[PDB]
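What follows is a single structure, written as structure tokens, with notes after it.
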2 protein chains.
Amino acid sequence: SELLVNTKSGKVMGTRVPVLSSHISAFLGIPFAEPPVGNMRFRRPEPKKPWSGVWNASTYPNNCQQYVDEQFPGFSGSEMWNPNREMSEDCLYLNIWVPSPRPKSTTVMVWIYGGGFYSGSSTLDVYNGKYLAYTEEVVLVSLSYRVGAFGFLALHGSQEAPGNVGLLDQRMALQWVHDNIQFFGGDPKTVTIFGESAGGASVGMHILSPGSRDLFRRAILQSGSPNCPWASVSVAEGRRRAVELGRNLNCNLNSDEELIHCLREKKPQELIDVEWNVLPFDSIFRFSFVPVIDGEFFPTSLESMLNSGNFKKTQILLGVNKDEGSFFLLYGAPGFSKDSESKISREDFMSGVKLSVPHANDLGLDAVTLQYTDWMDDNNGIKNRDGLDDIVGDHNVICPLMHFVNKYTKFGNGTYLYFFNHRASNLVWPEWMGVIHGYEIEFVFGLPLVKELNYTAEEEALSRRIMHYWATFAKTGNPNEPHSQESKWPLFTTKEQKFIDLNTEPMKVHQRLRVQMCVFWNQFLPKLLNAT
Amino acid sequence: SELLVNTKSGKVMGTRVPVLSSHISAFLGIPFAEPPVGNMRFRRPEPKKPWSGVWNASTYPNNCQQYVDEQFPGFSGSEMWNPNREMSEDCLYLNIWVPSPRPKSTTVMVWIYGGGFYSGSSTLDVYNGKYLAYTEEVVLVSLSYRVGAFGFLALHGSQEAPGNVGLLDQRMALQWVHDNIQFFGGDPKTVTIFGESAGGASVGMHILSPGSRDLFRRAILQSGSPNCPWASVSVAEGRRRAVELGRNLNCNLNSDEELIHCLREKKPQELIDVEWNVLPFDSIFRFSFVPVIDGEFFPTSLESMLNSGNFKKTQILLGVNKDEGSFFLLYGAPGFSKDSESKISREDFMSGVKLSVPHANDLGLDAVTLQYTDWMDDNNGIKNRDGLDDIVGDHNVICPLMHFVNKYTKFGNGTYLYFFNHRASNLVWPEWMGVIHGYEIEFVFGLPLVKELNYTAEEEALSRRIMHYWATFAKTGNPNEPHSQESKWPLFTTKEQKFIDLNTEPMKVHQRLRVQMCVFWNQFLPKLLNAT
Ligand SMILES: *[C@@H]1O[C@H](CO)[C@@H](O[C@@H]2O[C@H](CO)[C@@H](O)[C@H](O)[C@H]2NC(C)=O)[C@H](O)[C@H]1NC(C)=O
Ligand SMILES: *[C@@H]1O[C@H](CO)[C@@H](O[C@@H]2O[C@H](CO)[C@@H](O)[C@H](O)[C@H]2NC(C)=O)[C@H](O)[C@H]1NC(C)=O
Ligand SMILES: *[C@@H]1O[C@H](CO)[C@@H](O)[C@H](O)[C@H]1NC(C)=O
Ligand SMILES: *[C@@H]1O[C@H](CO)[C@@H](O)[C@H](O)[C@H]1NC(C)=O
Ligand SMILES: *[C@@H]1O[C@H](CO)[C@@H](O)[C@H](O)[C@H]1NC(C)=O
Ligand SMILES: *[C@@H]1O[C@H](CO)[C@@H](O)[C@H](O)[C@H]1NC(C)=O
């Protein structure tokens with residue numbers, strides 16, 4: 001029957017799921033690794049042992065143990081991102097949505113969730129793959145991976161907690177998809193990996209890591225790139241944070257083994273409770289347990305890999321939202337609140353700047369302030385608020401992405417760049433936050449097609465265009481339908497560096513996305529900080 | 001008779017001079033110092049010994065020994081600035097234009113010529129004081145002062161060539177005006193000193209120097225300020241240049257006395273011939289022999305004098321032309337020529353930058369380039385040409401003036417700021433050079449009132465308004481006619497920092513002149529260069 005699928009790990013039984021007046025099949029909660037529990041906490045994942053009998057894949061699995069945002073209880077804006085299932089260290093599962101009738105060999109898209117490497121869930125309502133599977137006739141997978149210390153605690157030199165094990169969870173799910181998706185009707189030769197913020201950085205990281213490159217064909221990076229300043233630390237810095245985590249929990253610190261043993265005795269919540277105490281700076285947009293530049297997953301520095309062409313050469317489609325900073329300013333910067341316009345004084349600006357570039361010396365802070373201050377109007381509360389939004393976005397998201405694009409495009413096989421600047425008409429966050437990171441996701445997954453969710457007609461049409469761009473790209477390496485009548489999203493080339501806006505208005509093509517600021521962030525400021 | 005004037009130095013006979021259908025008296029070539037010749041070359045000036053008989057003051061005097069621009073022979077644009085009389089070391093004279101009939105006690109304006117401290121003449125057609133004396137009923141004086149090595153060679157510690165003797169020539173003429181102008185009908189209590197580029201810096205310097213402050217009432221600075229980077233050097237740097245000048249002339253360098261004696265044996269042209277060989281850097285807008293920060297004329301650093309209020313507190317009227325850089329780029333920077341549009345390549349830009357900020361290290365050069373490059377359009381030849389014009393102007397003229405204004409205004413008694421941006425319709429220099437430094441002078445002296453000089457009616461009216469602003473300010477401390485109907489030039493205050501445009505269109509008031517760039521040049525760049 002259409003809902004029974006025999007895989008190399010064993011049989012799986014799915015469930016029939018309604019979607020827009022029709023139905024498809026879903027196989028939810030399929031295990032791809034052994035539970036990383038007990039003495040396997042902090043370890044590389046191990047493949048799931050095959051099972052006898054039929055694995056019930058009718059309901060979502062547990063979400064990984066993680067920090068839960070309780071900043072605005074009952075507010076759907078923040079809560080749409082929290083775990084909606086029980087949390088467990090037994091959380092290495094994937095979900096698959098399959099068109100009905102079962103295809104024979106169709107394009108596969110594997111979603112990798114964001115969450116700063118400290119959070120995220122495959123099971124969120126905004127990541128429900130049925131609309132996209134159904135509408136574009138793809139097989140849609142969502143994986144999971146360990147986050148926080150569970151995923152990224154790094155004691156380089158140890159085999160017990162080497163770092164990067166969350167990235168190895170993701171790799172392992174990609175291995176399973178490679179090995180088994182054919183039985184669901186998917187084409188293992190045509191797997192696009194896609195993700196947002198840490199999900200986008202993650203996609204970049206599998207492009208770079210020799211151990212991951214062969215497990216997929218093509219890649220989509222939403223607001224995230226592997227070289228983002230928040231997305232990796234050195235093995236020395238990872239070590240330092242693991243030790244500080246131990247100190248917060250009164251562990252024996254005399255050796256890696258005693259530390260690791262002490263942390264493995266702790267309930268998951270005891271780690272989460274102190275996780276944010278190990279950051280080296282007073283900062284925003286910095287996360288405690290993230291990928292480490294280990295000499296294995298990543299054989300050299302990300303920048304030397306980029307410069308040298310040491311990465312998978314394929315097609316990529318990528319982009320950023322207009323207001324990537326606003327979330328982190330809201331949560332972490334004085335003067336910004338959810339229910340005011342958040343006009344920012346000059347003194348809250350300066351403070352904002354310091355939180356946003358924690359690694360800068362005073363001269364660096366002056367360079368940033370100068371770059372973003374209109375000195376004819378330097379007490380404009382809105383200019384200050386928006387200027388800081390831009391600083392956080394440009395430094396953390398846009399400019400690293402732009403550097404990745406320009407480096408990748410030299411050796412790669414086709415680049416498509418977007419700038420998503422539509423603010424959804426039903427957004428529950430205040431207006432000042434603008435086009436917030438993550439609010440393109442609902443368009444990518446087709447939520448605007450569901451009448452009850454309160455989008456406009458023009459939002460439905462934007463969602464359909466974006467889904468079709470994404471699936472057509474996954475299918476062919478080009479988001480445009482060949483020889484159709486609609487405006488063409490042009491290739492981004494080294495010479496002309498075109499991109500398009502994504503929104504409800506007629507396509508417009510531009511060039512050199514935020515180039516003036518990205519020269520500052522990618523060339524001038526780093527040179528200043530190295531010299532001084 | 002109206003043309004005979006008895007002064008404390010002796011009698012003087014002037015000449016009757018036609019001006020716009022009427023006549024006034026001129027007394028030209030009055031000596032105010034002993035000839036600084038022979039063993040008095042490089043010395044402080046000495047007062048002129050009084051004379052028996054009647055001094056013929058019917059013709060212009062000699063111009064001081066100086067570099068003569070021969071870059072464009074026969075071209076009136078460049079030649080209007082060269083000496084139009086014989087050159088001589090016997091050149092310390094002044095000229096006075098007196099209304100007819102002789103006033104009893106009228107406002108006096110004393111003009112101090114520019115020329116980078118290496119050139120200039122009181123006798124140029126563009127400095128003919130008769131139009132202004134006549135039209136505004138002031139007594140107009142033009143002085144002279146030693147330029148080049150003759151004026152500014154500095155061997156601090158020696159009494160034979162101590163530095164600043166050109167500034168002492170100017171002081172001495174101001175002393176003579178204080179002591180004698182009453183006999184010409186002038187009011188020694190109401191002397192405004194005014195000047196352009198090095199003339200404007202000079203005015204600033206008498207405002208600052210305790211030894212000069214008492215000799216005048218009020219001051220006008222056209223495109224020049226005492227803190228300009230080109231307008232002074234340290235005693236160490238002056239010493240270094242004097243020694244290098246000696247080396248170029250095969251002098252004995254064993255002591256100050258032997259050097260000074262060797263230089264005093266040289267014909268004036270032998271000094272001029274090697275004067276430009278002593279500059280420390282490959283540069284533009286840098287002159288070899290300029291004022292020195294000696295601990296006497298200037299008791300401390302110009303910046304400490306500014307910060308502390310150690311200066312004369314009076315009213316000042318000052319301003320800049322729109323395109324202050326274009327002359328020096330034309331003369332000294334690759335890619336700029338007089339008979340082309342001078343579209344500048346990226347590589348000539350970078351070179352331009354290096355010539356313009358010679359004292360900068362590489363990081364400083366990158367900061368300047370970034371500030372002035374539009375990275376969406378970085379190969380635009382016109383943007384590059386104009387961007388460099390702005391760099392040279394802002395760094396050398398506008399931004400130093402703006403710093404002076406803001407410092408002065410804290411302690412002073414009334415500041416009026418202008419931005420002259422009218423390009424004269426008969427300008428012989430190419431269009432790309434725009435509103436070139438020095439081309440407001442002809443408006444200040446009333447040349448547009450002379451039909452044969454080919455100005456428009458609206459240029460005649462701009463000249464009359466400017467002359468009347470200048471004379472009304474000299475007379476009262478405020479350029480506006482009290483209780484008249486015309487738009488009011490407002491005071492520049494610390495809080496609101498207003499200025500006006502000077503041109504043929506209705507007055508417009510603005511605020512914070514080039515503030516974005518002057519924060520870069522006055523605060524950020526110096527901080528960068530000190531740290532790195
Ligand atoms: C992506 O890859 C293919 C080749 O691997 C490129 O197409 C080749 O283009 C070269 C250069 O014109 C031709 O000699 C070959 O005929 C092409 N080969 C094939 C198999 O078509 C294609 O240009 C690349 N696209 C981009 C944007 O780099
Ligand atoms: C310039 O100087 C005069 C005073 O020396 C200023 O006028 C004085 O203003 C103070 C403050 O209001 C008053 O107490 C006096 O009545 C004024 N004195 C005289 C003699 O008028 C004048 O304000 C100053 N102008 C500027 C722009 O600073
Ligand atoms: C699988 O689990 C779901 C929910 O727990 C249950 O309703 C369903 O009947 C199960 N399927 C079978 C046949 O065990
Ligand atoms: C749609 O709007 C209504 C009425 O304004 C509201 O009560 C409802 O919650 C909205 N639905 C959703 C799913 O947000
Ligand atoms: C003064 O000099 C001028 C020109 O050299 C001459 O014409 C004039 O007659 C002289 N005046 C007298 C009376 O000496
Ligand atoms: C005025 O213009 C004429 C004719 O174009 C020219 O020959 C003359 O030189 C000009 N006069 C001046 C003083 O420039």
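Whatever order the structure lists ligands and atoms in, that order sets their numbers, starting from 1. Per chain, numbering begins at 1; letters A, B, ... match sequence-line order. Basis for what follows: all heavy atoms, side chains included, without hydrogens, waters or symmetry-related copies.
Looking at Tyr439(B) and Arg423(B), their side chains never come closer than 4.5 Å, going by heavy atoms from C-beta outward. Proximity of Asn406(B) to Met402(B): side-chain heavy atoms (C-beta onward) are separated by under 4.5 Å at one or more points.
Close approach of ligand 3 to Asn56(A) is summarised as follows: ligand atoms under 4.0 Å from at least one heavy atom of the residue are 1 (C), 2 (O), 3 (C), 8 (C), 10 (C), 11 (N), 12 (C), 14 (O).
Residue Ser122(A) forms a side-chain contact (heavy atoms from CB on, under 4.5 Å) with just one option from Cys91(A), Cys64(A), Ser142(A), and that option is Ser142(A).
Nearest protein heavy-atom neighbour of atom 3 (C) of ligand 6: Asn454(B) ND2, 3.8 Å. For atom 13 (C) of ligand 6, the closest non-hydrogen atom of the protein is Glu452(B) O, 3.5 Å. When only non-hydrogen protein atoms are considered, atom 5 (O) of ligand 3 lies nearest to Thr59(A) CG2, 4.5 Å.
Protein heavy atoms come within 4.0 Å of atom 1 (C) of ligand 6. There is no protein heavy atom less than 4.0 angstrom from atom 7 (O) of ligand 3. There is a protein heavy atom closer than 4.0 angstrom to atom 11 (N) of ligand 6.
Note: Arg465(B) CZ to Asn503(B) CG = 7.5 Å, rounded to the nearest 0.5 Å. The CD atom of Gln65(A) sits 9.5 Å away from atom CD of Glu86(A), with the distance rounded to the nearest 0.5 Å. Atom CE of residue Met507(B) and atom CD1 of residue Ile500(B) lie 4.0 Å apart, to the nearest 0.5 angstrom.
Side chain to side chain, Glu324(B) and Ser223(B) meet the donor-acceptor criterion of an N or O pair below 3.5 Å. No hydrogens or angles considered: a donor-acceptor pair under 3.5 Å links the side chains of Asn413(B) and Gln315(B).
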In a simple table, one pair per line, please give the protein and ligand 2 atom names for every N or O pair closer than 3.5 Å, along with the distance.
| residue | atom | partner | partner atom | Å |
| --- | --- | --- | --- | --- |
| ligand 2 | 2 (O) | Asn413(B) | OD1 | 3.3 |
| ligand 2 | 2 (O) | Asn413(B) | ND2 | 2.4 |
| ligand 2 | 25 (N) | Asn413(B) | ND2 | 3.0 |
| ligand 2 | 28 (O) | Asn413(B) | ND2 | 3.3 |

From CA spacing to verdict: salt bridge (charged side-chain N to carboxylate O under 4.0 Å, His left out), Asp378(A), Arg512(B): CA-CA 12 Å; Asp378(A) 55 301; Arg512(B) 299 183 162 195; 2.7 Å; yes

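For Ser58(A), a nitrogen or oxygen atom sits less than 3.5 Å from a nitrogen or oxygen atom of ligand 3, counting backbone and side chain alike.
In terms of modelled atom types and a separation under 3.5 Å, the side chain of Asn522(B) and the main chain of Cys399(B) share a donor-acceptor contact.
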